[PDB]
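A.B. asks: Mind having a look at this structure? Questions to follow.
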Amino acid sequence: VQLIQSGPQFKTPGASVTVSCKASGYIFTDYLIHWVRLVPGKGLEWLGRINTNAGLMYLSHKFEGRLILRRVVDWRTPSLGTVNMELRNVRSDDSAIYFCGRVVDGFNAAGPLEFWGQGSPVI
Amino acid sequence: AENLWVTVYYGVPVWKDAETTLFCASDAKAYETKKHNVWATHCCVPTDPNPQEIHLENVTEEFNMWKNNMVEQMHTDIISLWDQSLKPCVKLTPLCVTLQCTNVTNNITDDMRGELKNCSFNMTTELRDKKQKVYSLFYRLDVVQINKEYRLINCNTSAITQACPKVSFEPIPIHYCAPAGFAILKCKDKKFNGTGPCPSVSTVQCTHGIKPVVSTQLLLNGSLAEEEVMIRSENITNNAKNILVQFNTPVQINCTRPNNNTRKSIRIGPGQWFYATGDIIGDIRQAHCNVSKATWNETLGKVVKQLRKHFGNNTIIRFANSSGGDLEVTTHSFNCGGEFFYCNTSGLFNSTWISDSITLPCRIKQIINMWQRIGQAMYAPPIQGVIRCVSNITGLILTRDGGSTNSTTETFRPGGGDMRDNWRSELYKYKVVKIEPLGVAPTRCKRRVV
Amino acid sequence: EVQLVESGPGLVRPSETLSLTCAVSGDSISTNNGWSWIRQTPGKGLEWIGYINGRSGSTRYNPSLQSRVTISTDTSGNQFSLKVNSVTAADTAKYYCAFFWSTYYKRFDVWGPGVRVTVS
Amino acid sequence: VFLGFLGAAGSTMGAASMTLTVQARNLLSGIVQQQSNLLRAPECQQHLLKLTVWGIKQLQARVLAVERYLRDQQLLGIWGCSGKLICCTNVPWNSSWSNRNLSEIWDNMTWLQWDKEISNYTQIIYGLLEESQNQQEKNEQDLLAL
Amino acid sequence: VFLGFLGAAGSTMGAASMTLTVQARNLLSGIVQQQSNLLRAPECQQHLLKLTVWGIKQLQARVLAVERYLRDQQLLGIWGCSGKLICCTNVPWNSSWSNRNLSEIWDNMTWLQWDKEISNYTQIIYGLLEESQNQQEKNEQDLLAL
Amino acid sequence: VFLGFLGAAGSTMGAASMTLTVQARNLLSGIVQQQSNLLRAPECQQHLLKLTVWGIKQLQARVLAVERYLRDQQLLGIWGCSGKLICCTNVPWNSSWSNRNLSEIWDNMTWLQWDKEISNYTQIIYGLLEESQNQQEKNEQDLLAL
Ligand SMILES: *[C@@H]1O[C@H](CO)[C@@H](O[C@@H]2O[C@H](CO)[C@@H](O[C@@H]3O[C@H](CO[C@H]4O[C@H](CO[C@H]5O[C@H](CO)[C@@H](O)[C@H](O)[C@@H]5O)[C@@H](O)[C@H](O[C@H]5O[C@H](CO)[C@@H](O)[C@H](O)[C@@H]5O)[C@@H]4O)[C@@H](O)[C@H](O[C@H]4O[C@H](CO)[C@@H](O)[C@H](O)[C@@H]4O[C@H]4O[C@H](CO)[C@@H](O)[C@H](O)[C@@H]4O)[C@@H]3O)[C@H](O)[C@H]2NC(C)=O)[C@H](O)[C@H]1NC(C)=O
Ligand SMILES: *[C@@H]1O[C@H](CO)[C@@H](O[C@@H]2O[C@H](CO)[C@@H](O[C@@H]3O[C@H](CO[C@H]4O[C@H](CO)[C@@H](O)[C@H](O)[C@@H]4O)[C@@H](O)[C@H](O[C@H]4O[C@H](CO)[C@@H](O)[C@H](O)[C@@H]4O[C@H]4O[C@H](CO)[C@@H](O)[C@H](O)[C@@H]4O)[C@@H]3O)[C@H](O)[C@H]2NC(C)=O)[C@H](O)[C@H]1NC(C)=O
Ligand SMILES: *[C@@H]1O[C@H](CO)[C@@H](O[C@@H]2O[C@H](CO)[C@@H](O[C@@H]3O[C@H](CO)[C@@H](O)[C@H](O)[C@@H]3O)[C@H](O)[C@H]2NC(C)=O)[C@H](O)[C@H]1NC(C)=O
Ligand SMILES: *[C@@H]1O[C@H](CO)[C@@H](O[C@@H]2O[C@H](CO)[C@@H](O)[C@H](O)[C@H]2NC(C)=O)[C@H](O)[C@H]1NC(C)=O
Ligand SMILES: *[C@@H]1O[C@H](CO)[C@@H](O[C@@H]2O[C@H](CO)[C@@H](O)[C@H](O)[C@H]2NC(C)=O)[C@H](O)[C@H]1NC(C)=O
Ligand SMILES: *[C@@H]1O[C@H](CO)[C@@H](O[C@@H]2O[C@H](CO)[C@@H](O)[C@H](O)[C@H]2NC(C)=O)[C@H](O)[C@H]1NC(C)=O
Ligand SMILES: *[C@@H]1O[C@H](CO)[C@@H](O[C@@H]2O[C@H](CO)[C@@H](O)[C@H](O)[C@H]2NC(C)=O)[C@H](O)[C@H]1NC(C)=O
Ligand SMILES: *[C@@H]1O[C@H](CO)[C@@H](O[C@@H]2O[C@H](CO)[C@@H](O)[C@H](O)[C@H]2NC(C)=O)[C@H](O)[C@H]1NC(C)=O
Ligand SMILES: *[C@@H]1O[C@H](CO)[C@@H](O[C@@H]2O[C@H](CO)[C@@H](O)[C@H](O)[C@H]2NC(C)=O)[C@H](O)[C@H]1NC(C)=O
Ligand SMILES: *[C@@H]1O[C@H](CO)[C@@H](O[C@@H]2O[C@H](CO)[C@@H](O)[C@H](O)[C@H]2NC(C)=O)[C@H](O)[C@H]1NC(C)=O
Ligand SMILES: *[C@@H]1O[C@H](CO)[C@@H](O[C@@H]2O[C@H](CO)[C@@H](O)[C@H](O)[C@H]2NC(C)=O)[C@H](O)[C@H]1NC(C)=O
Ligand SMILES: *[C@@H]1O[C@H](CO)[C@@H](O[C@@H]2O[C@H](CO)[C@@H](O)[C@H](O)[C@H]2NC(C)=O)[C@H](O)[C@H]1NC(C)=O
Ligand SMILES: *[C@@H]1O[C@H](CO)[C@@H](O[C@@H]2O[C@H](CO)[C@@H](O)[C@H](O)[C@H]2NC(C)=O)[C@H](O)[C@H]1NC(C)=O
Ligand SMILES: *[C@@H]1O[C@H](CO)[C@@H](O[C@@H]2O[C@H](CO)[C@@H](O)[C@H](O)[C@H]2NC(C)=O)[C@H](O)[C@H]1NC(C)=O
Ligand SMILES: *[C@@H]1O[C@H](CO)[C@@H](O[C@@H]2O[C@H](CO)[C@@H](O)[C@H](O)[C@H]2NC(C)=O)[C@H](O)[C@H]1NC(C)=O
Ligand SMILES: *[C@@H]1O[C@H](CO)[C@@H](O)[C@H](O)[C@H]1NC(C)=O
Ligand SMILES: *[C@@H]1O[C@H](CO)[C@@H](O)[C@H](O)[C@H]1NC(C)=O
Ligand SMILES: *[C@@H]1O[C@H](CO)[C@@H](O)[C@H](O)[C@H]1NC(C)=O
Ligand SMILES: *[C@@H]1O[C@H](CO)[C@@H](O)[C@H](O)[C@H]1NC(C)=O
Ligand SMILES: *[C@@H]1O[C@H](CO)[C@@H](O)[C@H](O)[C@H]1NC(C)=O
Ligand SMILES: *[C@@H]1O[C@H](CO)[C@@H](O)[C@H](O)[C@H]1NC(C)=O
Ligand SMILES: *[C@@H]1O[C@H](CO)[C@@H](O)[C@H](O)[C@H]1NC(C)=O
């Protein structure tokens, strides 16, 4: 099981930032994917999660008008797929390390994360 | 210990689970005169002559609709037929040129503002030293603004082909039939949940007629449950799997595309034609679908009553609309009278259960990626006149969000998922087995040597 | 399961025909092939007389009586019978009614108590 | 044809042995093998030529039904049963393969249950049946017989 | 091979019954089935691969000849005639199917004429032949025989 | 299967006659004919459909194995040997075809050597075997027999 994230990004305030997490080695569908933001001066904050089979988004109620999650699958190759994130209206308040992770098997209705990526970071 | 000898029997009624290739067949009646129907050409073998069904007394067999290779085969063959019928069409490579576009403002309602673009461009001609200035209307969802300059969306990744104007992708019913040496077993129990030891089994020559209708969220024109609404899933407590809900009564939905629409053809080359959308006759308004309100209440009451059997009879069940970053994961996609619709179902999945009509606004597209490919794209020619479809909603694809709060509630939303879930809703009753006629057993006879 | 009951004269004179019958209870004799007669003669032991196939009426007789014995059925009475012509003192014996089932799957016999017949 | 194709499947071995022609008749005759033998052209055929992939899938299905049929016939021939739906052999039952009496299996078991009981002795039994026939031919090539 | 393939077609049923191997030998061996079995490569083969439509038409013809042959052999096997060109059965003639004496049909009719006289009784007769064989096997599984 | 496929090839005709099932079992069962009969899909199959030339070559190989098998079986049937690996006939040996005694050929020659000695009399012998069977059937249709 491996989660591979894209590199660091810098953006002009008000611009959107898009980051991504490529997942492999387990069936991509099943096992919800969660996003968590780390702010060195505040701690961890949950942003939302995506249902990789259905293509459904669930968000933390701070970001409904700002954060969009998407997924890409190919029924051909069940062991591979990606999750993308788009965050709009980026401000200095959003300087953080953005992490990708996967829920512990048996906990799709919850969100402990067993596997983690690297952290973007953004600005 | 008796003094017995081996006796060999041939023609013994024994079988093993097996994977194979089914050959497909159709009812050569009204469908025989369709001529250009894709399904009527492929599933050519005539069937359903008052077909046989044989009850097997005392046979109990294990079924598993989630591991049923018949669905995977149906999926693969549908894709192959679509590629084969598009392969010999025009290939509209010459259209990915800069387009000069303005808004259509000619008697448009408020809900259509910015929906249509009037685009002119320099197209190739049949004689290769000339160019022509032509124009066509496009839907907003088919173009990309670049740098009034636009391009078609599918320029970065693929050529766009054009469906051939005479090919009809109408989902007439087809039947799957076993090859010699194989048999299809059918599970007849009413209230069968898709898995396990089905006690009432019969053999068939072929499956019932199945219409290969392709849609998301709401399953259209399938079979109905025999007695009660059925809820089936691979694992009901795992909010990652989809829930397939089969209604025991249809909900009628009336879909239309208003706007009289005209069509014109343009030569792009020597016998190579492109179909353009011409000016709309009459006014311009949105496509939409009508669902009876009382009916889409009574049938949710039935779905909820059945969901409570798995989630608790003191649990609050609420429905909510789809949420995601795409069109293909939030709308009800279907093909109607040849055109592709993407309808908004948030007007249906909006209620809480604690123990006139609904109008669904709808958008349409002409450039379809189809299935899940990145390259490969199709342009659907416009259809003249107006379009009206009357369809039966026979089932739902639902997902749960996960748990919620200590108030004990569950939230269900229209789901997405692979196209295979549409076929699993019809083929759940069938299994394919290989017949193995030899066997041996003890008897009192001995070969008499002479 | 059947019961076999024999009946007939316990005495026959030289050159007379001996006639013995057997009633069958519990099953049919119009079927169930293998209805037969067996003879037990003191000083000789057991031998077959022959048998009849209830379904077709065909018979087979031990060669020693090929020209002397007739076996036939009364399917209405559900009884069958044995007739042996030109009976002599040498034919004094204990006669039995028997049912022999012998197929690929089962083997069993049913025997009646028999009739002892004296021949002068 | 196909009027009770697996009708005896839930019945006992004894009763099911009386329907053997029912299953035998359906091994070489699927729908496509009937359409292929019409006096009139089937008409469909052009489809399977224009699109050669479908033509190949159909032939593979037809060839396989024939190969499976012939392999079963070859085994019956090797074991000394040319024709016949039921044939007796000289191989004794081991009472290890299955240890039940005749009155238990012919009357209480179905063929499916039997098949699931002795499936891992199938190759041993087939091997013995072949050896038995070879021994019989060796004895036939002796004019003093037995 | 093929030296008088339908030579008896205009002859009487009696005389024609003496040429049965002549037609039997030509059911599995057309020209292409001889070329396909040369020790040398046939050479032509590349044509049928370069152009797959012709390759498919040839295979369909070959597969069909085999399927038709095997179906006739299966019926003879089911009816209790494994091998033999002429076999006797236990099914009586109905005298409804055709009502002629032996001296009329064997000496005056050709097989083509006969075929056109009883063609709509073919399935009845075949059904009876199968029932007869099943009854015979039921009688064989009785060690007291007849 | 294939555990001594041509093992008797260098042995004498007499000894080699005892291994006849060994070669018979390998005429209808190559590797591809085993893969084609798996309960699971073979997986490979998509390759042979995507590229139809390979699909055709495989079918031609499978069809040919079947046709060759059936032709040999048809000849045995015509000659009056339905089944059996060894059968006696009524055709006398000519002593022109080969002029050796039994003690020389069964003990000193291999089958390959024998085949290279009488190969140009093969068709004569086959023709006689067919005539013999036809004569036998003519005699069978006489209720006074011999
Ligand atoms: C169908 O799908 C469902 C999923 O929907 C599958 O169910 C899942 O099955 C897996 C096992 O394969 C379970 O994993 C194990 O979970 C226990 C913890 O369980 C306790 O806490 C749960 C907490 O849940 C909270 O959150 C939910 C969601 O919002 C709330 O609803 C809850 O109320 C809680 O707030 C709780 O849910 C559990 O109760 C449920 O399950 C029990 C049965 O287990 C029922 O009786 C209850 O009624 C109720 O339904 C429960 O209270 C962990 O402790 C396990 O970890 C150990 O075992 C691991 C094995 O690999 C090991 O790796 C770990 O390290 C750990 O090992 C420890 O124990 C070993 C014992 O042998 C020791 O040897 C070792 O040294 C060490 O000490 C494990 O993670 C999932 O919980 C379960 N999910 C759900 C939702 O139920 C189901 O299997 C599928 N069915 C089929 C046929 O496929
Ligand atoms: C769930 O199930 C329902 C029920 O089956 C299904 O609804 C039906 O969909 C089909 C396909 O869209 C509809 O069929 C079309 O109907 C129109 C309207 O015709 C009416 O009037 C004529 C008399 O003039 C009546 O005979 C007829 O019954 C109707 O009352 C026809 O115009 C359509 O024909 C054209 O398109 C066909 C495409 O297959 C061509 O084959 C045909 O030749 C016609 O094309 C030609 O003429 C066109 C017009 O000039 C021209 O543009 C073309 O280029 C070409 O030259 C067609 O018959 C049917 O009516 C619907 N039934 C109901 C009750 O509404 C749902 O679609 C299905 N749901 C889903 C999701 O699959
Ligand atoms: C999309 O844009 C095209 C232009 O690229 C529109 O077509 C143009 O419509 C005007 C009228 O609004 C035509 O001008 C008039 O022509 C008549 C003769 O037919 C003349 O008498 C008038 O005085 C005037 O000049 C113009 O010729 C025509 N151009 C072309 C190429 O057809 C089209 O209507 C627009 N469609 C939509 C839905 O907006
Ligand atoms: C079709 O091509 C012509 C040129 O052959 C385009 O007209 C020129 O456009 C440039 C700007 O790109 C101007 O600087 C020239 O002055 C224009 N020339 C003339 C004669 O008008 C024309 O715009 C193209 N049409 C479309 C619909 O793209
Ligand atoms: C379909 O119904 C069967 C029962 O008829 C379910 O199988 C049983 O599930 C219970 C747990 O609820 C187990 O304790 C039993 O051992 C299971 N029985 C058998 C025979 O497997 C089955 O899970 C249901 N399927 C679905 C998808 O809900
Ligand atoms: C869906 O229902 C609406 C009504 O809510 C239908 O619209 C009406 O159509 C009639 C006939 O043309 C007009 O007289 C009314 O004024 C319209 N009402 C409104 C509110 O617009 C609509 O036609 C139905 N759609 C379908 C596909 O049947
Ligand atoms: C879908 O369209 C049908 C017409 O095809 C509507 O059914 C008609 O309803 C009126 C009452 O408003 C009746 O008088 C007619 O007799 C009905 N016609 C038929 C053929 O049944 C139906 O109500 C529409 N559905 C929705 C949700 O609007
Ligand atoms: C699902 O339903 C919600 C309403 O419950 C929709 O939320 C609205 O979204 C639009 C933008 O698309 C905003 O302008 C509105 O202000 C939102 N409404 C509220 C009350 O906040 C949501 O868009 C729907 N989702 C989909 C895919 O249709
Ligand atoms: C799907 O349909 C719903 C219902 O019509 C849309 O939600 C409304 O959007 C309008 C703006 O056009 C707002 O003024 C309303 O307040 C919204 N309704 C509610 C309950 O919040 C929704 O925007 C549509 N989805 C998409 C993607 O367009
Ligand atoms: C979902 O249902 C709610 C009601 O439960 C709808 O909101 C109401 O809309 C009417 C107008 O039609 C207003 O008069 C009420 O005051 C609203 N109530 C509340 C609590 O907001 C809502 O529009 C529906 N959503 C969609 C997409 O149709
Ligand atoms: C779309 O517009 C055309 C053109 O006006 C309509 O076709 C005409 O219909 C009338 C009857 O109302 C006929 O007398 C004319 O001969 C037709 N003209 C042509 C060119 O066909 C058509 O009916 C309209 N379609 C819709 C759905 O409104
Ligand atoms: C929607 O469902 C109804 C109910 O099954 C369909 O109407 C029946 O169709 C069958 C033939 O399949 C007839 O034998 C019944 O008599 C019909 N019932 C009634 C009340 O008319 C209806 O055709 C379906 N609609 C669509 C578009 O498929
Ligand atoms: C299915 O099982 C039942 C129960 O064992 C079988 O019923 C027997 O039927 C025969 C023929 O009518 C009777 O003589 C027996 O007495 C019945 N058995 C019992 C226990 O009553 C039934 O035949 C089986 N189905 C099949 C196809 O064999
Ligand atoms: C074609 O018909 C003629 C006339 O019926 C047949 O001629 C018979 O030939 C045999 C053999 O030479 C003679 O014994 C008969 O006497 C001839 N019949 C008559 C009426 O003279 C001829 O044999 C038939 N052709 C074939 C192939 O059978
Ligand atoms: C190959 O040739 C040798 C020599 O002829 C064969 O050897 C004979 O083997 C048998 C069995 O062991 C002995 O009884 C003979 O006495 C041996 N012959 C001699 C001359 O010593 C050998 O069997 C042949 N190989 C095969 C497979 O048959
Ligand atoms: C456009 O709207 C005007 C009224 O503002 C009307 O007179 C005219 O006929 C309409 N045009 C069309 C095509 O409907
Ligand atoms: C055309 O569409 C743009 C949005 O892309 C909008 O800003 C502009 O006002 C529209 N013009 C007209 C005439 O509707
Ligand atoms: C690819 O698409 C993007 C928009 O998503 C566009 O900006 C870019 O120019 C396109 N690439 C090329 C080569 O045109
Ligand atoms: C739908 O059912 C609920 C049940 O609680 C009821 O409150 C609601 O009024 C019903 N809606 C309609 C339109 O009848
Ligand atoms: C052999 O078959 C028996 C059937 O009762 C089964 O229990 C046993 O596990 C099988 N052996 C192996 C190695 O699978
Ligand atoms: C049955 O065959 C006879 C042959 O003489 C023919 O006259 C009759 O018309 C046929 N019956 C039918 C229904 O075709
Ligand atoms: C016939 O076979 C013998 C084998 O000994 C060979 O010598 C002879 O040349 C062959 N005849 C012809 C014409 O090839």
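Letters A, B, ... go to the chains of the structure tokens in the order shown; residues in each chain start at 1; ligands are counted from 1 in the same order.
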Tell me the residues of chain E close to chain F, meaning within 12 Å using only C-alpha atoms, as JSON, numbers by chain.

C.D. replies: {"E": [1, 14, 15, 17, 18, 19, 20, 21, 22, 23, 24, 25, 26, 27, 28, 29, 30, 32, 33, 34, 35, 36, 37, 38, 45, 46, 47, 48, 49, 50, 51, 52, 53, 54, 55, 56, 57, 58, 59, 60, 61, 62, 63, 64, 65, 66, 67, 69, 70, 73, 77, 81, 82, 83, 84, 85, 86, 87, 88]}

A.B. asks: Show me which bits of chain C are within 10 Å of chain D, counting only C-alpha atoms, as number ranges by chain.

C.D. replies: C: 104-106

A.B. asks: Can you spit out the residues from that selection as a compact mmCIF listing (two decimals), in the first residue's frame, using N, CA, C and O atoms?

C.D. replies:
```txt
# COMPACT_ATOMS: atom_id res chain seq x y z
N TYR C 104 -29.26 -55.15 -10.57
CA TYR C 104 -27.97 -54.53 -10.37
C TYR C 104 -27.86 -53.89 -9.00
O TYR C 104 -26.75 -53.57 -8.56
N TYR C 105 -28.99 -53.59 -8.36
CA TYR C 105 -28.94 -52.85 -7.12
C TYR C 105 -29.38 -53.63 -5.87
O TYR C 105 -29.07 -53.22 -4.76
N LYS C 106 -30.19 -54.68 -6.03
CA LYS C 106 -30.70 -55.41 -4.87
C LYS C 106 -30.73 -56.91 -5.07
O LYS C 106 -30.98 -57.41 -6.18
```

A.B. asks: Using only C-alpha atoms, determine which residues lie at most 12 Å from residue 34 in chain C, disregarding the query and same-chain residues fewer than 5 positions distant; provide the list as a ChimeraX atom specification.

C.D. replies: /C:28-29,50-60,71,80,97-103,107-110 /E:142-146

A.B. asks: Using only C-alpha atoms and all ligand atoms, determine which residues fall within 7 Å of ligand 13, then list them as a PyMOL selection string.

C.D. replies: (chain B and resi 56-58) or (chain D and resi 7-8+10-12)

A.B. asks: Those residues with N, CA and C atoms, as a short mmCIF file (atom, residue, chain, number, x, y, z; two decimals), in the first residue's frame please?

C.D. replies:
```cif
data_model
loop_
_atom_site.label_atom_id
_atom_site.label_comp_id
_atom_site.auth_asym_id
_atom_site.auth_seq_id
_atom_site.Cartn_x
_atom_site.Cartn_y
_atom_site.Cartn_z
N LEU B 56 -36.55 -27.86 -11.11
CA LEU B 56 -35.77 -28.94 -10.56
C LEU B 56 -36.23 -29.26 -9.15
N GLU B 57 -36.96 -30.34 -9.00
CA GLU B 57 -37.46 -30.62 -7.67
C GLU B 57 -36.26 -30.98 -6.81
N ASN B 58 -36.25 -30.53 -5.54
CA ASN B 58 -35.24 -30.83 -4.50
C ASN B 58 -33.81 -30.34 -4.81
N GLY D 7 -34.03 -32.56 -15.19
CA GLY D 7 -35.16 -32.86 -14.33
C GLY D 7 -34.87 -33.85 -13.22
N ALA D 8 -33.97 -34.78 -13.46
CA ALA D 8 -33.64 -35.78 -12.46
C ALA D 8 -32.54 -35.33 -11.52
N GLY D 10 -32.42 -33.56 -8.89
CA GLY D 10 -32.69 -33.65 -7.47
C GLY D 10 -33.21 -35.03 -7.06
N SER D 11 -33.22 -35.97 -7.98
CA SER D 11 -33.77 -37.27 -7.70
C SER D 11 -32.67 -38.21 -7.28
N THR D 12 -33.02 -39.42 -6.92
CA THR D 12 -32.01 -40.33 -6.46
C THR D 12 -31.24 -40.89 -7.61
#
```

A.B. asks: Within 10 Å of ligand 9, counting only C-alpha atoms and all ligand atoms, which protein or nucleic acid residues do you find, written as a ChimeraX atom specification?

C.D. replies: /B:111,321-327,330-331,343-348,350,359-363

A.B. asks: Show me, as number ranges by chain, every residue of chain B with an atom at most 8 Å from chain D, counting only C-alpha atoms.

C.D. replies: B: 1-15, 21, 23, 41-42, 44-45, 52, 54-59, 178-181, 203, 437-439, 442-443, 445-447

A.B. asks: Find the distance between CA of residue 235 in chain B and atom 3 (C, counted along the ligand's line) of ligand 5 and write it in Å to one decimal.

C.D. replies: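 Atom-to-atom, CA of residue 235 in chain B to atom 3 (C, counted along the ligand's line) of ligand 5, that is 11.5 Å.
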
A.B. asks: Between CA of residue 303 in chain B and atom 22 (C, counted along the ligand's line) of ligand 8, what is the distance in Å, rounded to a tenth?

C.D. replies: 23.4 Å

A.B. asks: What is the CA of residue 82 in chain A-atom 86 (C, counted along the ligand's line) of ligand 1 distance in Å, reported with one decimal?

C.D. replies: 24.8 Å

A.B. asks: Please provide as a PyMOL selection string all residues within 7 Å of residue 99 in chain A, with the sequence filter that same-chain residues fewer than 2 positions apart are discarded (counting only C-alpha atoms).

C.D. replies: chain A and resi 35-37+97+101+117-120

A.B. asks: Go through range 2-56 of chain D and collect every residue that DSSP, computed from the backbone, puts in helix (DSSP H, G or I); the answer should be as a ChimeraX atom specification.

C.D. replies: /D:13-24,32-35,45-50,52-56

A.B. asks: Name the residues, by chain letter and number, that sit within 9 Å of ligand 18 using only C-alpha atoms and all ligand atoms, and give them as a count of residues only.

C.D. replies: 8

A.B. asks: So that I can see what lies close to range 278-286 of chain B, please list as a ChimeraX atom specification the residues with an atom at most 8 Å from it, counting only C-alpha atoms and leaving out residues fewer than 5 positions away in the same chain.

C.D. replies: /B:106-109,111-112,136-137,257-264,361-363

A.B. asks: Hey, what's within 12 Å of residue 97 in chain B if we count only C-alpha atoms and toss same-chain stuff fewer than 4 positions away? As a list in words, please?

C.D. replies: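 These residues fall inside the cut-off: residues 92, 93, 119, 120, 121, 122, 123, 124, 143, 144, 146, 149, 150, 151, 152, 153, 154, 155 and 156 of chain B.
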
A.B. asks: Convert the current residue selection to file output with N, CA and C atoms, as a tab-separated table (two decimals), in the first residue's frame.

C.D. replies:
```tsv
chain	number	residue	atom	x	y	z
B	92	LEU	N	-14.44	13.45	-36.86
B	92	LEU	CA	-14.47	14.90	-37.02
B	92	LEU	C	-13.22	15.62	-36.55
B	93	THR	N	-12.09	15.21	-37.08
B	93	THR	CA	-10.82	15.81	-36.75
B	93	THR	C	-10.78	17.31	-37.11
B	119	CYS	N	-21.46	29.62	-32.70
B	119	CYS	CA	-20.05	29.59	-33.10
B	119	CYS	C	-19.82	29.49	-34.60
B	120	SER	N	-18.97	30.38	-35.12
B	120	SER	CA	-18.60	30.33	-36.52
B	120	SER	C	-17.14	29.95	-36.64
B	121	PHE	N	-16.81	29.29	-37.73
B	121	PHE	CA	-15.45	28.84	-37.93
B	121	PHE	C	-15.11	28.56	-39.40
B	122	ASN	N	-13.80	28.43	-39.71
B	122	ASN	CA	-13.27	28.09	-41.03
B	122	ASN	C	-13.06	26.57	-41.14
B	123	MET	N	-13.95	25.90	-41.87
B	123	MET	CA	-14.03	24.46	-42.07
B	123	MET	C	-13.41	24.08	-43.40
B	124	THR	N	-12.91	22.86	-43.50
B	124	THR	CA	-12.37	22.34	-44.74
B	124	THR	C	-13.51	22.06	-45.69
B	143	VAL	N	-17.97	23.17	-24.91
B	143	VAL	CA	-16.86	24.03	-25.34
B	143	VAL	C	-16.01	24.59	-24.20
B	144	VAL	N	-14.80	25.00	-24.56
B	144	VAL	CA	-13.84	25.59	-23.65
B	144	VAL	C	-13.44	26.97	-24.07
B	146	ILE	N	-10.97	29.92	-24.40
B	146	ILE	CA	-9.52	29.99	-24.41
B	146	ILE	C	-9.07	31.45	-24.49
B	149	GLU	N	-13.12	33.51	-28.17
B	149	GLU	CA	-12.43	32.34	-28.75
B	149	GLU	C	-12.68	31.10	-27.91
B	150	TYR	N	-13.13	30.06	-28.59
B	150	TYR	CA	-13.46	28.76	-28.00
B	150	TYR	C	-12.92	27.59	-28.77
B	151	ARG	N	-12.78	26.47	-28.11
B	151	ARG	CA	-12.44	25.23	-28.78
B	151	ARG	C	-13.33	24.12	-28.26
B	152	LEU	N	-13.41	23.02	-28.97
B	152	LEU	CA	-14.20	21.92	-28.44
B	152	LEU	C	-13.43	21.34	-27.28
B	153	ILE	N	-14.13	20.77	-26.30
B	153	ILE	CA	-13.42	20.21	-25.16
B	153	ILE	C	-12.45	19.11	-25.52
B	154	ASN	N	-12.88	18.19	-26.34
B	154	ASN	CA	-11.97	17.10	-26.64
B	154	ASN	C	-11.01	17.39	-27.80
B	155	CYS	N	-9.98	18.19	-27.48
B	155	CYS	CA	-8.88	18.62	-28.35
B	155	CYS	C	-7.55	18.24	-27.72
B	156	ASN	N	-7.46	18.37	-26.41
B	156	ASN	CA	-6.19	18.07	-25.74
B	156	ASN	C	-5.88	16.56	-25.77
```

A.B. asks: Within 12 Å of residue 22 in chain C, counting only C-alpha atoms, which residues qualify if same-chain residues fewer than 4 places away don't, as a VMD selection string?

C.D. replies: chain C and resid 2 to 8 29 35 to 37 71 to 75 77 to 83 95 to 99 111 to 115

A.B. asks: Would you list, as a ChimeraX atom specification, the residues of range 11-116 of chain A that end up in strand (DSSP E) under DSSP run on this structure's backbone?

C.D. replies: /A:17-24,33-39,43-51,56-59,67-72,80-87,97-103,113-116
